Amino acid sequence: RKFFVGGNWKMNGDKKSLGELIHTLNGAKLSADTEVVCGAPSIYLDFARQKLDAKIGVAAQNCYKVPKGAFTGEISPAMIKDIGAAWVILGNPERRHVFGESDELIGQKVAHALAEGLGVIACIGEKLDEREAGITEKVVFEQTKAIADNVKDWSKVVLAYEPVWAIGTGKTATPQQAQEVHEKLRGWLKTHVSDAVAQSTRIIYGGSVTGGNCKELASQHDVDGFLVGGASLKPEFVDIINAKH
């Protein structure tokens, strides 16, 4: 499995500051072996695909579930492809817990994005109350089944485990905590889809990944990369891409 690190810029940047971040990425010494994609604000997706080196992929941060229509404020897979982006982030925890996107809606958006030929980074993760009650497995298998039941071709899917308690809080999961759920999710994939899908699907981790903690997390056997939030706006993102070196 090719190591994968995605950078989600979230609602951050303007053209001057994302211009200099992109200039750094294009000039950096990036691992020949890592697949990198940057998740840009929708208003800057065209700019970011025009400015980033072709080797780095561009991801939309959300999309809707039909190609066109009376959905003010939404963008579709067809428009993302039009600009030249190749990925979309779906199911991100702010979209679930701030904006109220349900598992049934995220499942419909995955099926549509994939039918349009986009790659999908599908996000899953439990909240702290659920972790402390001992039901992390149940919650991530329920969210993963709602995505998987809508995936026909797994070659374009990357699973991203992001515990909600670790996003923006500095409370990174330990290598042992990350590895536990990544192994459990890989086992669900082998049992419910197939063994070939379980060994080829990248399952990445996000939630307070920094250049400081990424090598310990990257050496775990079922962690295939990272979905970087806050640190993807900094030069240390280059150290995270290179976390296997």
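A residue's number is simply how far along the shown sequence it sits, counting from 1.
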Stretch exceeding the other in mean C-alpha B-factor - 73-81, 95-103: 95-103
query: Where do the C-alpha atoms have the higher mean temperature factor in this entry, in 26-34 or in 64-72?
result: 26-34
Candidate set 174, 108, 136, 155 [ranked by C-alpha B-factor, highest]: 155
Top Cα B factor in the deposited entry, candidates 201, 50, 179, 213: 213
Third of the chain, ranked by Cα B-factor, where residue 116 sits: middle
- line: Temperature factor at the Cα of residue 131, chain-ranked in thirds, falls in the highest
task: Rank-wise, by C-alpha B-factor, drop residue 196 into the lowest, middle or highest third of its chain.
output: highest
message: Looking at the temperature factor on the CA atom of residue 228, which third of the chain's modelled residues does it land in?
response: lowest
field: Chain-relative CA temperature factor third for residue 169
entry: highest
